[PDB]
Amino acid sequence: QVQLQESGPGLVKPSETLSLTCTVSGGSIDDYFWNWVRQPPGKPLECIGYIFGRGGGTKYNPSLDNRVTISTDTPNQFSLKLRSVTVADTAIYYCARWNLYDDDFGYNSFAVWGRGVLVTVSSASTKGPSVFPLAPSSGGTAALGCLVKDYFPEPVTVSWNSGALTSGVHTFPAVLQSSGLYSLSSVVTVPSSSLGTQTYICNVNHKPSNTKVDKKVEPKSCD
Amino acid sequence: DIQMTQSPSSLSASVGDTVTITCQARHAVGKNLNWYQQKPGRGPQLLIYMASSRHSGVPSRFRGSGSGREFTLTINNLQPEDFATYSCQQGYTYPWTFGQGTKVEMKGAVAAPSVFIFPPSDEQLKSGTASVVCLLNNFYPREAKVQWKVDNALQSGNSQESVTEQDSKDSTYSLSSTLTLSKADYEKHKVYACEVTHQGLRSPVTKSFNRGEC
């Protein structure tokens with residue numbers, strides 16, 4: 001019944017200090033190694049550092065270039081500070097307990113993990129998207145879509161026809177533009193016969209700006 | 001630190017298959033070797049500790065073996081919930097280094113992409129930017145390449161792309177690529193082309209349009 005969970009800001013500006021807290025519930029901070037671990041996108045899981053017990057010995061990974069501090073500030077919390085962040089520090093951050101005792105499952109492993117928190121290092125400000133229709137020039141199958149451009153932070157979700165259209169939908173991972181804003185596409189393929197038996201609307205939701213847009217997409221015609 | 005290398009980085013299998021994932025340590029670590037499972041949107045959970053011991057609740061179809069520098073995770077009778085990423089980790093010396101992960105994907109039949117090209121919308125052009133989009137739809141395997149040209153000029157550095165996760169039923173992938181150009185530049189050129197290379201095609205295919213065409 002020992003559970004861990006990470007908390008703290010999901011956005012840190014470059015050069016600033018990333019701070020996170022792990023709250024242990026059920027149990028408390030006791031005689032284990034209390035660890036931080038991270039996974040940057042596209043990279044392996046990486047150990048950051050640990051502390052033993054309440055104010056016991058620490059150990060930090062040399063890969064973090066001496067930017068780490070870990071402390072146990074309450075009976076149920078331990079914290080991470082990671083100084084002087086850059087985009088290389090964007091990652092999902094996990095707290096985890098390293099099991100020390102040979103009489104339990106998980107000996108010498110991370111047996112208990114938090115769910116993880118995404119921390120992104122960025123100078124960008126919250127902005128809702130613009131939504132543009134995707135229609136190709138006029139084989140039996142048509143493609144239509146929506147381009148959801150210029151928003152921050154992630155995520156944006158897209159449905160079609162208020163959730164009634166799910167077959168053939170592909171909503172892609174966003175890409176980060178050099179402006180610091182994301183762009184994403186959502187497409188659907190449909191029978192070309194349906195291009196006159198059905199209206200197509202993409203429903204875009206950007207919760208961080210509370211922006212919803214319902215965009216009707218019409219096919220091109222040479223008539 | 002102790003370098004950990006898994007083989008392969010990704011593999012394809014079918015439900016019911018036996019899958020074997022390899023993990024190598026650059027220095028020997030005894031039996032101090034863990035395996036974890038992860039999914040999209042789900043963090044790691046422990047599968048195996050001490051090389052061969054199953055964590056509580058882990059199905060017996062998961063088997064860890066090996067020692068020293070050479071280890072294996074065997075998944076017998078692969079189930080739908082087992083398509084996931086598996087990582088090994090040495091627990092001998094801190095930092096307890098992880099392998100790069102092995103993604104277990106679904107096997108599928110080779111399928112060439114269906115390719116569609118979308119001009120910038122009139123709505124977008126009202127502003128100063130134009131995005132041209134090329135869709136590679138429902139293809140297998142995942143490797144594919146897009147080349148963009150504008151009036152025969154190779155576009156290099158002004159596109160971005162992304163790929164969906166595998167489709168649950170058909171095993172396929174899709175890819176979207178966006179070419180970004182200014183509105184002034186889009187309006188100064190005529191021919192827009194997306195050339196696609198993929199195993200399922202005997203040679204490249206090109207989809208194109210002339211600006212303004214219906």
# chains A, B, ... in the order shown; residues from 1 in each chain; ligands from 1
call {"tool": "interface_residues", "arguments": {"of": "chain B", "to": "chain A", "cutoff": "8 Å", "atoms": "only C-alpha atoms", "output": "MDAnalysis selection string"}}
result
chainID B and resid 32 34 42:46 48:50 55:56 91 94:101 116:121 123:124 160:164 174:176 209 213:214
call {"tool": "residues_around", "arguments": {"residues": "residue B:39", "least_positions_apart": "2", "cutoff": "12 Å", "atoms": "only C-alpha atoms", "output": "ChimeraX atom specification"}}
result
/A:115 /B:36-37,41-45,81-87,101-105,165
call {"tool": "closest_residue", "arguments": {"among": "A:204, A:179, A:122, A:192", "to": "residue A:161", "atoms": "only C-alpha atoms"}}
result
A:204
call {"tool": "atom_distance", "arguments": {"atom1": "atom CA of residue A:53", "atom2": "atom CA of residue A:18"}}
result
22.7 Å
call {"tool": "residues_around", "arguments": {"residues": "residue B:67", "least_positions_apart": "5", "cutoff": "9 Å", "atoms": "only C-alpha atoms", "output": "CSV table (one decimal) with C-alpha atoms, in the first residue's frame"}}
result
chain,number,residue,atom,x,y,z
B,28,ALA,CA,29.8,-8.5,-15.6
B,29,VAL,CA,27.0,-7.9,-13.1
B,30,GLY,CA,26.3,-11.4,-11.7
B,31,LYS,CA,22.6,-12.0,-11.4
B,32,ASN,CA,21.9,-8.3,-10.6
B,33,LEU,CA,19.7,-7.7,-13.6
B,51,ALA,CA,17.8,-12.1,-13.4
call {"tool": "residues_around", "arguments": {"residues": "residue B:145", "least_positions_apart": "2", "cutoff": "8 Å", "atoms": "only C-alpha atoms", "output": "list in words"}}
result
residues 143, 147, 196, 197 and 198 of chain B
call {"tool": "atom_distance", "arguments": {"atom1": "atom CA of residue B:177", "atom2": "atom CA of residue B:131"}}
result
9.8 Å
call {"tool": "atom_distance", "arguments": {"atom1": "atom CA of residue B:4", "atom2": "atom CA of residue A:91"}}
result
20.2 Å
call {"tool": "select_by_dssp", "arguments": {"residues": "stretch 5-223 of chain A", "states": "helix (DSSP H, G or I)", "output": "number ranges by chain"}}
result
A: 62-64, 87-89, 161-163, 192-196, 207-209
call {"tool": "closest_residue", "arguments": {"among": "A:199, A:157, A:102, A:12", "to": "residue A:90", "atoms": "only C-alpha atoms"}}
result
A:12
call {"tool": "closest_residue", "arguments": {"among": "A:180, A:140, A:55, A:155", "to": "residue A:29", "atoms": "only C-alpha atoms"}}
result
A:55
call {"tool": "residues_around", "arguments": {"residues": "residue A:6", "least_positions_apart": "5", "cutoff": "12 Å", "atoms": "only C-alpha atoms", "output": "PyMOL selection string"}}
result
chain A and resi 19-25+35-38+77-80+92-96+113-119
call {"tool": "write_last_selection", "arguments": {"atoms": "N, CA and C atoms", "output": "short mmCIF file (atom, residue, chain, number, x, y, z; two decimals), in the first residue's frame"}}
result
data_model
loop_
_atom_site.label_atom_id
_atom_site.label_comp_id
_atom_site.auth_asym_id
_atom_site.auth_seq_id
_atom_site.Cartn_x
_atom_site.Cartn_y
_atom_site.Cartn_z
N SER A 19 12.33 21.89 -10.00
CA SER A 19 12.05 21.36 -8.66
C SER A 19 10.88 20.40 -8.73
N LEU A 20 11.03 19.22 -8.11
CA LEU A 20 9.94 18.27 -8.02
C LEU A 20 9.90 17.69 -6.63
N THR A 21 8.71 17.25 -6.21
CA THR A 21 8.52 16.57 -4.93
C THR A 21 7.93 15.20 -5.18
N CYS A 22 8.40 14.21 -4.42
CA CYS A 22 7.77 12.89 -4.36
C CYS A 22 7.11 12.72 -3.00
N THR A 23 5.81 12.44 -3.03
CA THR A 23 5.07 12.20 -1.80
C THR A 23 4.86 10.71 -1.67
N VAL A 24 5.28 10.17 -0.52
CA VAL A 24 5.07 8.78 -0.21
C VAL A 24 3.83 8.73 0.66
N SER A 25 2.87 7.94 0.24
CA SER A 25 1.68 7.75 1.03
C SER A 25 1.54 6.27 1.38
N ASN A 35 14.76 7.43 -4.87
CA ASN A 35 15.43 7.76 -6.13
C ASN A 35 14.60 8.67 -7.01
N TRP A 36 15.31 9.43 -7.83
CA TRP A 36 14.74 10.07 -9.00
C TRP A 36 15.38 9.44 -10.23
N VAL A 37 14.52 9.22 -11.26
CA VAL A 37 14.88 8.60 -12.54
C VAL A 37 14.19 9.43 -13.60
N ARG A 38 14.74 9.50 -14.81
CA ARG A 38 14.02 10.22 -15.87
C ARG A 38 14.14 9.49 -17.20
N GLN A 77 7.98 13.21 2.29
CA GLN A 77 8.33 13.81 1.00
C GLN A 77 9.84 13.82 0.81
N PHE A 78 10.27 13.57 -0.43
CA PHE A 78 11.63 13.90 -0.80
C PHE A 78 11.61 14.67 -2.11
N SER A 79 12.65 15.45 -2.34
CA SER A 79 12.57 16.42 -3.41
C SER A 79 13.80 16.26 -4.30
N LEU A 80 13.64 16.78 -5.53
CA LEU A 80 14.70 16.91 -6.52
C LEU A 80 14.82 18.39 -6.88
N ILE A 92 10.21 12.76 -18.91
CA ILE A 92 9.33 12.30 -17.83
C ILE A 92 10.19 11.95 -16.61
N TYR A 93 9.89 12.57 -15.49
CA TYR A 93 10.58 12.37 -14.22
C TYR A 93 9.77 11.44 -13.34
N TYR A 94 10.44 10.43 -12.80
CA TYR A 94 9.85 9.44 -11.90
C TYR A 94 10.58 9.45 -10.56
N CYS A 95 9.82 9.29 -9.50
CA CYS A 95 10.44 8.88 -8.24
C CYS A 95 10.20 7.40 -8.07
N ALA A 96 11.11 6.75 -7.35
CA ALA A 96 11.05 5.29 -7.24
C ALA A 96 11.80 4.86 -6.00
N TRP A 113 7.27 2.53 -8.24
CA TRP A 113 7.47 3.74 -9.04
C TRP A 113 6.29 4.68 -8.87
N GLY A 114 6.55 5.98 -8.93
CA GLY A 114 5.49 6.93 -9.25
C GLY A 114 5.04 6.81 -10.70
N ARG A 115 3.91 7.48 -10.99
CA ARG A 115 3.38 7.41 -12.35
C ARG A 115 4.19 8.24 -13.34
N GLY A 116 4.99 9.18 -12.85
CA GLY A 116 5.82 10.03 -13.67
C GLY A 116 5.16 11.37 -13.91
N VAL A 117 5.99 12.40 -14.06
CA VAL A 117 5.49 13.72 -14.46
C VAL A 117 6.35 14.25 -15.60
N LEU A 118 5.71 14.79 -16.63
CA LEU A 118 6.46 15.36 -17.76
C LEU A 118 6.88 16.77 -17.38
N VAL A 119 8.18 17.06 -17.50
CA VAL A 119 8.67 18.43 -17.32
C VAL A 119 9.33 18.81 -18.64
#
call {"tool": "residues_around", "arguments": {"residues": "residue A:208", "least_positions_apart": "4", "cutoff": "9 Å", "atoms": "only C-alpha atoms", "output": "list in words"}}
result
residues 126, 127, 128, 152, 153, 154, 155 and 156 of chain A
call {"tool": "select_by_dssp", "arguments": {"residues": "stretch 56-161 of chain B", "states": "strand (DSSP E or B)", "output": "PyMOL selection string"}}
result
chain B and resi 62-67+70-75+85-90+98+102-106+111+114-118+129-140+145-150+153-154+159-161
call {"tool": "write_last_selection", "arguments": {"atoms": "N, CA and C atoms", "output": "compact mmCIF listing (two decimals), in the first residue's frame"}}
result
# COMPACT_ATOMS: atom_id res chain seq x y z
N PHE B 62 6.30 -14.84 -18.60
CA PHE B 62 7.54 -14.05 -18.60
C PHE B 62 8.64 -14.82 -17.88
N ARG B 63 9.77 -14.98 -18.54
CA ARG B 63 10.88 -15.78 -18.02
C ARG B 63 12.15 -14.97 -18.20
N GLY B 64 12.88 -14.75 -17.11
CA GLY B 64 14.22 -14.14 -17.20
C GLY B 64 15.30 -15.19 -17.03
N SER B 65 16.38 -15.05 -17.80
CA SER B 65 17.52 -15.94 -17.59
C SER B 65 18.83 -15.21 -17.87
N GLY B 66 19.92 -15.87 -17.51
CA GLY B 66 21.26 -15.40 -17.83
C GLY B 66 22.02 -14.98 -16.59
N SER B 67 23.26 -14.55 -16.85
CA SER B 67 24.14 -14.08 -15.80
C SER B 67 25.40 -13.49 -16.43
N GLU B 70 25.38 -11.64 -20.10
CA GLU B 70 24.44 -12.03 -21.16
C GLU B 70 23.14 -12.47 -20.51
N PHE B 71 22.04 -11.81 -20.90
CA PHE B 71 20.74 -12.06 -20.29
C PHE B 71 19.66 -12.11 -21.35
N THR B 72 18.58 -12.80 -21.00
CA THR B 72 17.43 -12.85 -21.85
C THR B 72 16.08 -12.74 -21.13
N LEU B 73 15.15 -12.03 -21.75
CA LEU B 73 13.75 -12.06 -21.32
C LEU B 73 12.98 -12.84 -22.38
N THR B 74 12.31 -13.90 -21.97
CA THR B 74 11.47 -14.68 -22.85
C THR B 74 10.02 -14.38 -22.48
N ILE B 75 9.21 -14.05 -23.46
CA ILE B 75 7.77 -13.92 -23.29
C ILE B 75 7.13 -15.04 -24.10
N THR B 85 7.14 -1.84 -24.48
CA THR B 85 8.59 -1.69 -24.50
C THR B 85 9.18 -2.33 -23.24
N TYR B 86 10.23 -3.12 -23.43
CA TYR B 86 10.87 -3.84 -22.33
C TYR B 86 12.28 -3.32 -22.16
N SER B 87 12.66 -3.00 -20.94
CA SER B 87 13.99 -2.50 -20.67
C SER B 87 14.69 -3.36 -19.65
N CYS B 88 15.95 -3.68 -19.88
CA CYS B 88 16.77 -4.29 -18.84
C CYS B 88 17.53 -3.23 -18.06
N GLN B 89 18.07 -3.62 -16.92
CA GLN B 89 18.81 -2.68 -16.06
C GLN B 89 19.75 -3.45 -15.15
N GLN B 90 21.01 -3.04 -15.07
CA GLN B 90 21.87 -3.70 -14.10
C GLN B 90 21.71 -3.04 -12.74
N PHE B 98 20.24 1.45 -17.48
CA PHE B 98 19.23 0.78 -18.27
C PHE B 98 19.73 0.56 -19.70
N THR B 102 13.46 -2.38 -25.82
CA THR B 102 13.08 -3.13 -27.01
C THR B 102 11.57 -3.03 -27.14
N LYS B 103 11.11 -2.50 -28.28
CA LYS B 103 9.68 -2.36 -28.51
C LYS B 103 9.17 -3.62 -29.20
N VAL B 104 8.22 -4.30 -28.57
CA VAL B 104 7.55 -5.47 -29.16
C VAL B 104 6.29 -4.97 -29.86
N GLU B 105 6.29 -5.12 -31.20
CA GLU B 105 5.24 -4.65 -32.10
C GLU B 105 4.56 -5.84 -32.75
N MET B 106 3.46 -5.57 -33.43
CA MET B 106 2.72 -6.59 -34.12
C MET B 106 3.26 -6.87 -35.49
N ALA B 111 3.05 -3.64 -46.78
CA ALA B 111 2.02 -2.86 -47.46
C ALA B 111 2.62 -1.51 -47.82
N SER B 114 -0.45 4.41 -49.10
CA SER B 114 -1.28 5.27 -49.94
C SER B 114 -0.92 6.72 -49.64
N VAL B 115 -0.56 7.47 -50.66
CA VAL B 115 0.04 8.78 -50.49
C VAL B 115 -0.94 9.84 -50.97
N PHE B 116 -1.09 10.89 -50.18
CA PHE B 116 -1.96 12.04 -50.46
C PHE B 116 -1.18 13.31 -50.16
N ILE B 117 -1.33 14.31 -51.01
CA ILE B 117 -0.68 15.60 -50.82
C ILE B 117 -1.76 16.67 -50.68
N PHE B 118 -1.59 17.54 -49.69
CA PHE B 118 -2.58 18.60 -49.40
C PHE B 118 -1.93 19.97 -49.56
N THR B 129 1.92 32.46 -43.78
CA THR B 129 2.54 31.15 -43.81
C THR B 129 1.70 30.14 -44.59
N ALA B 130 2.41 29.17 -45.12
CA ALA B 130 1.83 28.13 -45.93
C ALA B 130 2.42 26.84 -45.40
N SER B 131 1.59 25.86 -45.18
CA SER B 131 2.00 24.52 -44.84
C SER B 131 1.48 23.56 -45.90
N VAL B 132 2.38 22.75 -46.47
CA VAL B 132 2.02 21.72 -47.44
C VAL B 132 2.17 20.39 -46.70
N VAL B 133 1.19 19.50 -46.81
CA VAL B 133 1.21 18.28 -46.00
C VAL B 133 1.21 17.07 -46.92
N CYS B 134 2.06 16.09 -46.62
CA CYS B 134 2.07 14.82 -47.33
C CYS B 134 1.77 13.68 -46.37
N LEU B 135 0.76 12.87 -46.69
CA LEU B 135 0.31 11.77 -45.84
C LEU B 135 0.71 10.46 -46.51
N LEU B 136 1.38 9.60 -45.76
CA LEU B 136 1.71 8.23 -46.16
C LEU B 136 0.83 7.35 -45.28
N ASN B 137 -0.16 6.70 -45.85
CA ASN B 137 -1.21 6.09 -45.06
C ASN B 137 -1.13 4.57 -45.08
N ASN B 138 -1.18 3.99 -43.88
CA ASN B 138 -1.43 2.56 -43.67
C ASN B 138 -0.38 1.69 -44.37
N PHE B 139 0.87 1.85 -43.95
CA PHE B 139 1.97 1.12 -44.58
C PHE B 139 2.65 0.22 -43.55
N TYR B 140 3.46 -0.75 -44.05
CA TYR B 140 4.18 -1.67 -43.16
C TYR B 140 5.34 -2.23 -43.98
N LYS B 145 10.60 7.05 -46.33
CA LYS B 145 11.31 8.31 -46.53
C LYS B 145 10.48 9.23 -47.43
N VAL B 146 10.44 10.50 -47.06
CA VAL B 146 9.78 11.56 -47.83
C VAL B 146 10.82 12.56 -48.31
N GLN B 147 10.76 12.91 -49.59
CA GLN B 147 11.53 14.01 -50.15
C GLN B 147 10.58 15.06 -50.71
N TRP B 148 10.81 16.31 -50.35
CA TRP B 148 10.00 17.41 -50.82
C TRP B 148 10.73 18.22 -51.87
N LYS B 149 10.00 18.62 -52.93
CA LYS B 149 10.53 19.54 -53.92
C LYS B 149 9.52 20.62 -54.25
N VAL B 150 10.02 21.83 -54.48
CA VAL B 150 9.23 22.97 -54.93
C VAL B 150 9.89 23.49 -56.20
N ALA B 153 13.27 22.26 -56.73
CA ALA B 153 14.28 22.54 -55.71
C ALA B 153 14.07 21.63 -54.52
N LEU B 154 15.10 20.86 -54.19
CA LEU B 154 15.04 20.00 -53.00
C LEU B 154 14.88 20.86 -51.75
N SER B 159 11.11 20.92 -43.30
CA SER B 159 10.02 19.97 -43.09
C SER B 159 10.17 19.28 -41.73
N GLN B 160 9.02 18.81 -41.24
CA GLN B 160 8.98 17.98 -40.05
C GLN B 160 7.96 16.88 -40.24
N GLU B 161 8.18 15.75 -39.60
CA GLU B 161 7.29 14.61 -39.78
C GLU B 161 7.08 13.91 -38.45
call {"tool": "residues_around", "arguments": {"residues": "residue A:14", "least_positions_apart": "3", "cutoff": "7 Å", "atoms": "only C-alpha atoms", "output": "PDB file with N, CA and C atoms, in the first residue's frame"}}
result
ATOM      1  N   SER A  84      20.051  24.818 -13.606  1.00  0.00           N
ATOM      2  CA  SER A  84      20.597  25.246 -14.915  1.00  0.00           C
ATOM      3  C   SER A  84      20.094  24.368 -16.061  1.00  0.00           C
ATOM      4  N   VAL A  85      18.761  24.209 -16.137  1.00  0.00           N
ATOM      5  CA  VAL A  85      18.238  23.268 -17.127  1.00  0.00           C
ATOM      6  C   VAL A  85      18.386  23.772 -18.568  1.00  0.00           C
ATOM      7  N   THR A  86      18.440  22.814 -19.491  1.00  0.00           N
ATOM      8  CA  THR A  86      18.360  23.086 -20.929  1.00  0.00           C
ATOM      9  C   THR A  86      17.308  22.178 -21.547  1.00  0.00           C
ATOM     10  N   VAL A 121      11.310  21.826 -20.784  1.00  0.00           N
ATOM     11  CA  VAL A 121      12.109  23.030 -20.642  1.00  0.00           C
ATOM     12  C   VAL A 121      11.866  23.881 -21.885  1.00  0.00           C
ATOM     13  N   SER A 122      11.268  25.060 -21.704  1.00  0.00           N
ATOM     14  CA  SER A 122      10.832  25.895 -22.817  1.00  0.00           C
ATOM     15  C   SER A 122      10.633  27.307 -22.316  1.00  0.00           C
ATOM     16  N   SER A 123      10.861  28.265 -23.207  1.00  0.00           N
ATOM     17  CA  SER A 123      10.592  29.670 -22.969  1.00  0.00           C
ATOM     18  C   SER A 123       9.208  30.069 -23.453  1.00  0.00           C
TER      19      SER A 123
END
call {"tool": "closest_residue", "arguments": {"among": "B:158, B:93, B:206, B:12", "to": "residue B:182", "atoms": "only C-alpha atoms"}}
result
B:158
call {"tool": "closest_residue", "arguments": {"among": "A:150, A:218, A:88, A:4", "to": "residue A:41", "atoms": "only C-alpha atoms"}}
result
A:88
